[PDB]
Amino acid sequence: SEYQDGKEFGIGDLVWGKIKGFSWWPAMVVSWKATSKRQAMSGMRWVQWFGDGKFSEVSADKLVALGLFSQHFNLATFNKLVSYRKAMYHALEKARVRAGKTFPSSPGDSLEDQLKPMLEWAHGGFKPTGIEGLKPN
């Protein structure tokens, strides 16, 4: 029922979302019931931002699939803000689990170290699954 408005994106979808004064940031579409807030208005979606876990209401027409990765990733913000690197880690970890992807680990690799192969995977088109692997189920 919720979000059945003929527009894009449903509960669980991984997305980039854009707030004024902010880069595109990774998020997951959620039900209004998870937010402790209120039902969304027409054509809007509740999203939860990776990294800080906060909830925002955003137009379905203003979200893009996380799978358009290199297009929306912002290297300048990544190098400038630890909060963006953490967001990218949590977003890509969710993507990895969904795709059944694995990466060679080694304690105690830092944040940047863990991110390196995840970012290469994302920039490379999420092989072998492709973006189909990012879908919820």
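When you see a residue number, it is the position in the sequence shown, counting from 1. Between two forms, the rigid core is defined as the largest C-alpha subset superposing within 1.5 Å.
The segment moving more, judged by mean Cα distance from this form in 8 other deposited structures of this protein after a core overlay, is 60 to 68 among 89 to 97 and 60 to 68. In the other compared entries of this protein that model both flanking residues, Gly51 has coordinates in every one, well short of a third left out.
Omission of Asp109 is seen in a third or more of the other entries compared for this protein where the adjacent residues are built. Look at the mean CA B-factor for 121 to 129 and for 9 to 17 in the entry; the higher one is 121 to 129. Judged by mean Cα B factor in the deposited record, 98 to 106 ranks above the other of 62 to 70 and 98 to 106.
In the PDB entry, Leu111 places in the highest third of its chain by CA B-factor.
The entry lists a Cα temperature factor for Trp24 that places it in the middle third of the chain's modelled residues.
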